[PDB]
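The first chain written gets the first letter, and so on, giving A, B, C, D, E, F, G and H; residue counts start at 1 in each chain.
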């Protein structure tokens, strides 16, 4: 059917462990540190999208203009494909016109 | 002996001084040694829990950038031709065996792209809310501010037994003036504090401000936070980015 | 940036406004935000009323 | 609907229309957790209404087992030998009193 | 009819003025809500523990 | 079907006072507590004391 | 100033309380259902 | 290691004695708390004799000696709920337990 059969694995999760303990510690970095470095650098994440959060089409546009010459050919053709798709997607057919 | 740590910035006359006891971790059963104050802008502003929830959101969404993706009507493998005879059978024709209507194809409007939600929102307001949460911890019988975060002992059990003896709370976050100048004994004992934590100067922030049951601020560091909130108080129109030199920046 | 028992300031603003337009003041405080707002622009005279209050 | 469900005519415990108001609520067991969110307002009954409840009609079995549990519970049994279980999850203190008295005036 | 055509002309005007005034007084009192802060504090208090 | 003596929230003194109050007719609590006891359970408990 | 003490009249303001201000965001209605949407932004 | 507090009987007299140890003039309750080290010593003696000081969040509202006596005259009854509700002497129709 569509249910489980027994009670599932017991969710051993310590909500108070170290790798979550400092979650945002030293993360008011800018005005609480005499303006040396903004929070706009403290994020450890991909350089395609580290803090210019536009739309989906914008997301891909930034991915291209940042790292396109660093992809295998499948990713380049893929990013080009969806970029063409989205450029057609924005201004063609929708609810508000 | 006594000690009276007033605030350096002149708090206005439209409120009295914001005073409390001054503590220390030196005495294992000897607290309440000295008493001092702070400006109303430091620990006695309006309650303003809404600002605190704003601080909560700007915290919990600050850096997370999820990576979950999918495939579109051209991404997953296969699909260029008409899949089967469109009208010979009684079935349904399609465009592909690789569109999102069949068993294996597309997750049509799923989260495309490793997305991010950074928010460098109003930083002075973030400061005021950080002050607000500090004030909340002040009134909530939680702001036990110590003179200096020295460790009179090396055992973490000394800290645990004092904390149960002080009836501080179930969780503790103690923060100092300088990380290199943080006392070696305090951090060494603190390294096994499985639920308590120690923190440097800039780290006083919102999710941290809810994180423990109570926070233990160092006295000169408390003044440092006051000065920071004071520079947060009445910031003129920025015409240059405040990382470079100014007239009186430090 | 109002502070204190703001409802008294609302009553005072209605009283000053009472001769100003006759109708009762359409005003709302923002108790969490610690503010007072009056429908309509009675601005310069309100600044005068606060100035004559001196504080 | 109705015809898909059974029937049971209007009667009493022991033909008590004559003798006396033989109040038919032998047992009733609310319970709250020491750290329990949903039973918080129900704790209010455990604060206020339960003493008032036994004041109003002491002749019933009032139970607060009050386990460190997940939700409030009402265990009603009576001289009719049946039992009805009443959830009180996320209810109001006024609603707690309403549930209590409505359970009381039943059979 | 119990009276002439011009006989009760205006015979119910003062109450008409009163009714129009009442409609005008009660009608247009739409404006921003007035919000207390203790209500926000109480909604904060809703996660209350026992003793 | 186990007896209600073997479920939660039972107290013999409490149930005895319930036996007093529920009928809205008073009684001597010690006398009634004795009265609810027959002798078969007395024999059963006396035999159970031997094990 | 009754504000701080009135706040002191509750338990510790934990993370379980930071409510968005009433009027933060209008409800994110999925364009469907028995009341809001039957054709979802296009009509018949 | 106990938060339990009871107001003493000689509180006004011991308070006047501690005030004299802190400072002289009439109207003892009208002495304000603008002074710093005097406030420190006064609260120190009051806590040392009493065993119960005001909350540090309550220190800022402490501005005079009358409220200082009053908060020291305020009874603080504290117990667990399984200890407090049970000790309210509820009627025989219920005996609640909190096995936590």
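Going forward, a contact is a pair of C-beta atoms (placed from the backbone, for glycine too) under 8 Å apart; a residue touches a chain by one contact, two chains touch by 3 or more.
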item	value
Chain whose average C-alpha position is farthest from chain F's own	C
Pair exhibiting more inter-chain C-beta contacts, A-B or E-H	A-B
Centre distance in Å when chain D and chain G are each reduced to the mean of their C-alpha atoms	34
Distance from the mean Cα position of chain E to that of chain A, given in whole angstrom	52
Between chain A and chain H, centroid-to-centroid distance (C-alpha), Å	55
Separation of chain B from chain E, taking each centre as the mean of its C-alpha atoms, in whole Å	48
Chain A residues counted as touching two or more neighbouring chains	none
Touching two or more other chains - residues of chain G	3-5, 7-8, 13-14, 17, 19, 21
Set of chain C residues in contact with two or more other chains	3, 32
Touching residues (chain side chain E, partner chain H) in the complex	50-51
Touching residues on chain B, where the partner in the complex is chain A	59-60, 62-63, 65, 67, 72, 74-75, 112-118, 120, 123-124, 126-127, 130, 171, 194-195, 197, 199-208, 211, 225, 228, 231-232, 242-243, 249-250
Interface residues, chain E side, partner chain D - complex	46-50
Partner chain B, residues of chain E touching it in the complex	37, 40-41, 44
Complex interface listing, chain H residues touching chain F	92-93, 95
